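A short write-up of the structure that comes next.
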Amino acid sequence: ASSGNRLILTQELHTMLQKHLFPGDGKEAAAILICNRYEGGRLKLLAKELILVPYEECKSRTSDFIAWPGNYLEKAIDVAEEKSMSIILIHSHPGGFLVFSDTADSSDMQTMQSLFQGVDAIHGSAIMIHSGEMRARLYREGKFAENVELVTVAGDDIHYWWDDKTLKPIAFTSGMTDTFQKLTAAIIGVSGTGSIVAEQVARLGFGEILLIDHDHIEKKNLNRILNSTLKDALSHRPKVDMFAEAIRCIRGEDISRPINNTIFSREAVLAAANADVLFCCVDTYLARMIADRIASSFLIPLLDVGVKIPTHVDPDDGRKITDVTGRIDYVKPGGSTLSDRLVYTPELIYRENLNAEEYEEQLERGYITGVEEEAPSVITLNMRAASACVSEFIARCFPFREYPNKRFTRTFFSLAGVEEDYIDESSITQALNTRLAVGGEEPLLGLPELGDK
Amino acid sequence: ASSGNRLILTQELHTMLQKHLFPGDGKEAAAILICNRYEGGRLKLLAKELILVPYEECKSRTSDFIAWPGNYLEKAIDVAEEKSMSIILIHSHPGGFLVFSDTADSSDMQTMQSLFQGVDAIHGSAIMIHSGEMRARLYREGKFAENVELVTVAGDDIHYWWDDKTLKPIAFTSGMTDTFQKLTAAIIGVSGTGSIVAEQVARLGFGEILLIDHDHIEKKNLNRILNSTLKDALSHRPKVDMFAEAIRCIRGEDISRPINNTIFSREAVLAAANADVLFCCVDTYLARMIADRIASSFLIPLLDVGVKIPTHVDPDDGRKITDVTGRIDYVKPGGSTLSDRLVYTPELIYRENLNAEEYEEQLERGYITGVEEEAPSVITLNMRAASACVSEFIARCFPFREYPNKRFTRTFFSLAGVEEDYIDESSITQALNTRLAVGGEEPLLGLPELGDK
Amino acid sequence: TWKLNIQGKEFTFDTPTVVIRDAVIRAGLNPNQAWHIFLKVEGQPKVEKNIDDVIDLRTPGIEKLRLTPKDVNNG
Amino acid sequence: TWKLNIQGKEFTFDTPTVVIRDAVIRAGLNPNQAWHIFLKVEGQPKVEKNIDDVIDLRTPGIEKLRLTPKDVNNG
């Protein structure tokens, strides 16, 4: 629920591993996964590197058994020595193996002890079946230890392989509810869009809900924030504290974790790193970048939502709504980022930071663009965007659409134009993700401002 | 706010009147509108008949003045005698007139006295400008009396012509908020979709909100009802009472009117008749018919919302979601009804009323169709539908779309098919509306079960 | 053989022409439930059909025969 | 004259060909704000354009030149 361990793999690694392990001969295959780790409220194994042992270098590749050289075990050791990375051996569905060496043959337990002798860290042994579902076990001190609670791969479809599990529930059912009850969800921004998203998460039955905002309720936002009261506005109650009490009363249990801070803080980052899903409902370009870096570092699926009601002065009629628009972006670990999609850019973050005079001067110089005029936010649009955001998560965890979920990697709807366009992951160019599975390596999120030193 | 009088005209009548009054000659024209009335918490003049005086039969048709025969005044009198209907004279923007007769010429005040001599009821004199905006005044006892607070025409676009008014606000602004503050909104059904609609109405700033439901909060619906708590579920709190207290705390004022009853009751019908807009969020075909009859009788714009998650057993995979769908229907007085759209039919209402055994027997006989299987309701879809419902009202009161609002008389979206289709009012066949502007004539809504006798 | 995608799932047929009702039954859908039957053709707007109408899967561009609940009244 | 519908409002032009930027300025929109400029043609999918690109209003089927905010980040 909160303190449950995780084994996360990127879709790219999983697909490569899956193909290595199930070539089609009906026989066993082996592989090694070097992972970093995060140890906050829970343990997370962040898959980083993958080693595939050739079939030709193996000896007794039979349907039930495989014997492979120790040399490949020794590479993982050295690949995991600098950062004392974890090392998780993988095998095909049965999983029966030995690691033969120049001198003699080692059993599954002997090799886990050897791996721990090489690297002073948690290790493990995992099994994959043809479908790709993975089961794993951890070996602490090179010795049989706790079993992995969840092995997850957040790709175009989100996969949750639970240890307690031995059919897949369709969307909206009790099976969906029970999956969410075992997961954590971070809401970055609890105002307008985020209060609607937080409401849905709570009533969907998420076991743990994080809330990250520094602002407070006020009269102005009593038209948008769910569960807000006039009393809350007169007391300037922190938005996170207000919703936490709301969730508490709704669920009958204190499952919320209010964080009265900006996402641009070690506290928020490290709390969000324990989430199984990130919901970014902020209104700043900087906060979007932070969420983007957390999602890559700790391998957390991300759903970013945004709205806008631009306005212009028509020559004859006068002030006129230019458009009523919404955006939903699904970011999978290892796939295109919000940066790749230009959701935030360096220029946009720089212009956001400029002070009043600074902005004015630069705008005249032509160095910075001009911020568009907008109409006041309205709860109708916020709701339309936010309902599509959570529906996107549901659709990727429990596919119900008649098209691949990849087709809807990006959604852009227009209520004034009455249009809705979808962007495929394959049409988005991607840069080298240097944060992938990095974890809490310092500087945190590669940002010196958040650095511990 | 609550006790404000209304002068309602159908779009058909208004367009006819507008054309008669502004032919293009730049001169005055005259007309008479016979109306029925409803007198609940407020007075409503329900336009029913229209009489247009020929220009040729008029004498001093000048830009500022017009003189027309009394004979046309005498028809209205007799047309309004059986039911003592109101009689509202209309003229062009200036509004200066006399009613010439065989003997002599009567002034505006003399003719209003004559009209009251003929019919013992409230009468009035109104003015229209080229745009169509109307201003009116009531003459009680044939004597200068109170001025009409609101003259409204709910067509493809919703028009509100206030007496206190002397530019049009664009959507989402303070001008929108102030318009809603002066209006009443009835929510028929406060569970799942209706709780989301009620929430939006309250935070949009509607001055008065009616709530009509007989059900109560329970554990099952703590996943959908907004503002519901576990405590509410343990106490089986009436859904209307729960939301009324919520609205109260949110707005800081007791502006809600909880009705713990079915819409199929005189109480609900007569409360809903005072609303300026109806939001039908029920889950029965019968309740849809009632809302449809209230909208026609009391000339109230109607917005009906529905959702559905059908399911089927796939031959290989097994149980599968067939579709995830939503529906929003805008019904304007005098336009196509929910009946015309087959939203409810006699067979569907009859099958709904059948008891368990009755249903089974009939289904085998082939006389009645088979109810489709469905997946459990989910707050994501409810929100997507309900946000589009209220957005539809906003778009018709404060046009912001780049296409005529008539194009979106009906909306059907599919989250599984990823489709959204729109039906135009002109593509919908209409029957004779025998309830239009009928009011509370007995039997109420033409239903003997609701009849006073 | 000729294939038609029903409700997002491609089903193979041994006949060049298949009655709506038959294809609907192959997918597990009830033909005598209340549905709005629509067929898609690349480069053409969707066209409403009848449960007993017959389709030709050789028609180039054939995309999907999708049904939508005729009555959507849940609250 | 030739007319182009910008953002839902038809504006008449005295030239058979009008630069995007010019048509955008006629409607009251800022060409040097960040926009996604798209043009619609009946029977054709929408095609993205540049602020300085030139359009031919004689092109049959021309529907609307609509802009959509390039950056949509409000919460």
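Per chain, numbering begins at 1; letters A, B, ... match sequence-line order. We use all heavy atoms of the structure for the numbers below, so side chains are in, but hydrogens, waters and symmetry mates are not.
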Over all atoms of both residues, closest heavy-atom pair of [X] and [Y]:
{"X": "A/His159", "Y": "A/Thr152", "answer": "O-OG1, 2.9 Å"}
{"X": "B/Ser377", "Y": "B/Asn223", "answer": "O-ND2, 3.7 Å"}
{"X": "A/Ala76", "Y": "A/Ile34", "answer": "CB-CD1, 3.3 Å"}
{"X": "A/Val307", "Y": "D/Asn74", "answer": "O-CB, 2.8 Å"}
{"X": "A/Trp162", "Y": "A/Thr179", "answer": "CZ2-O, 4.2 Å"}
{"X": "A/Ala244", "Y": "A/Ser256", "answer": "CB-OG, 3.1 Å"}

Heavy-atom side-chain contact between [X] and [Y] under 4.5 Å:
{"X": "A/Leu445", "Y": "A/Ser297", "value": "yes"}
{"X": "A/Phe279", "Y": "A/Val305", "value": "no"}
{"X": "A/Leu33", "Y": "A/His14", "value": "no"}
{"X": "A/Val190", "Y": "A/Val240", "value": "yes"}
{"X": "A/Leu338", "Y": "A/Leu302", "value": "yes"}
{"X": "A/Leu183", "Y": "A/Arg6", "value": "yes"}

Return yes if some donor-acceptor pair links the side-chain N/O of [X] with the main-chain N/O of [Y] below 3.5 Å, else return no.
{"X": "B/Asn221", "Y": "B/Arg224", "result": "no"}
{"X": "A/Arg251", "Y": "A/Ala202", "result": "yes"}
{"X": "A/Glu199", "Y": "B/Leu226", "result": "no"}
{"X": "A/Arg137", "Y": "A/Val148", "result": "no"}
{"X": "A/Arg248", "Y": "A/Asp254", "result": "no"}
{"X": "A/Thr337", "Y": "A/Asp340", "result": "yes"}
{"X": "A/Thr184", "Y": "A/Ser2", "result": "no"}
{"X": "A/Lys44", "Y": "A/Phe298", "result": "yes"}
{"X": "A/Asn5", "Y": "A/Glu149", "result": "yes"}
{"X": "A/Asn36", "Y": "A/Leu45", "result": "no"}

Exercise. Go through the steps for A/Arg37 and A/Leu46 under the test side-chain contact (heavy atoms from CB on, under 4.5 Å), then give the verdict.
Key: CA-CA 5 Å; A/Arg37 78 185 60 76; A/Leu46 313 181; 5.9 Å; no

Cationic N near anionic O, under 4.0 Å, [X] to [Y]:
{"X": "A/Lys308", "Y": "A/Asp323", "value": "no"}
{"X": "A/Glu392", "Y": "A/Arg401", "value": "yes"}
{"X": "A/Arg410", "Y": "A/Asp421", "value": "no"}
{"X": "A/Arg435", "Y": "A/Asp292", "value": "no"}
{"X": "A/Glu442", "Y": "A/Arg266", "value": "yes"}

Exercise. May I have the step-by-step check of salt bridge (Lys or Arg N to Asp or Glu O under 4.0 Å) for A/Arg327 and A/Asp304, ending in yes or no?
Key: CA-CA 8 Å; A/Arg327 178 181 54 76; A/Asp304 194 59; 3.0 Å; yes

Exercise. Check whether the ring centres of A/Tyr330 and A/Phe393 lie less than 6.0 Å apart, and answer yes or no.
Key: no

Do we see a donor-acceptor contact under 3.5 Å between the side chains of [X] and [Y]?
{"X": "A/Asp424", "Y": "A/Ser426", "value": "yes"}
{"X": "A/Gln430", "Y": "A/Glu425", "value": "yes"}
{"X": "A/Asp156", "Y": "A/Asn405", "value": "no"}

Practice problem: Under the side-chain contact (heavy atoms from CB on, under 4.5 Å) rule, what do A/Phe408 and A/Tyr403 come out as? Steps first, then yes or no, please. | Solution: CA-CA 9 Å; A/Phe408 319 104; A/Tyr403 303 76; 3.6 Å; yes

Quiz item: Taking everything shown except B/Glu420 itself, do over 12 heavy atoms lie less than 6.0 Å from its CD?
Solution: yes

Quiz prompt | Heavy atoms of other groups near A/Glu449 CD, more than 12 under 6.0 Å | solution = yes

Exercise. Just do the side-chain contact (heavy atoms from CB on, under 4.5 Å) check on B/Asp317 and A/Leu167 with the steps written out, would you?
Key: CA-CA 10 Å; B/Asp317 311 0; A/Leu167 306 180; over 6 Å; no

Quiz item: After noting the C-alpha distance and the side-chain angles of A/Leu89 and A/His123, does the key distance pass the side-chain contact (heavy atoms from CB on, under 4.5 Å) rule?
Solution: CA-CA 8 Å; A/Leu89 285 56; A/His123 294 319; over 6 Å; no

Exercise. Please report the C-alpha distance between C/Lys9 and B/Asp314 in whole Å, then the side-chain angles of each, then the deciding distance to 0.1 Å, and finally whether the salt bridge (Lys or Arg N to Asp or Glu O under 4.0 Å) criterion is met.
Key: CA-CA 10 Å; C/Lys9 181 172 176 188; B/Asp314 177 291; 2.9 Å; yes

Quiz item: On the ring face of A/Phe400, is B/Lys320 found with NZ or CZ under 6.0 Å from the centre and within 45° of the axis?
Solution: no

Exercise. Identify whether NZ of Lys or CZ of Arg in B/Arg384 sits under 6.0 Å from the centre of the six-membered ring of B/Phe413 and within 45° of that ring's axis.
Key: yes

Quiz item: Atom CG of A/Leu43 and atom CG of A/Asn274: how far apart are they, to the nearest 0.5 Å?
Solution: 10.0 Å

Practice problem: Tell me, with the steps shown, if A/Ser296 and A/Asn433 meet side chain to side chain donor-acceptor pair (under 3.5 Å). | Solution: CA-CA 8 Å; A/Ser296 294; A/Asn433 190 359; 3.2 Å; yes

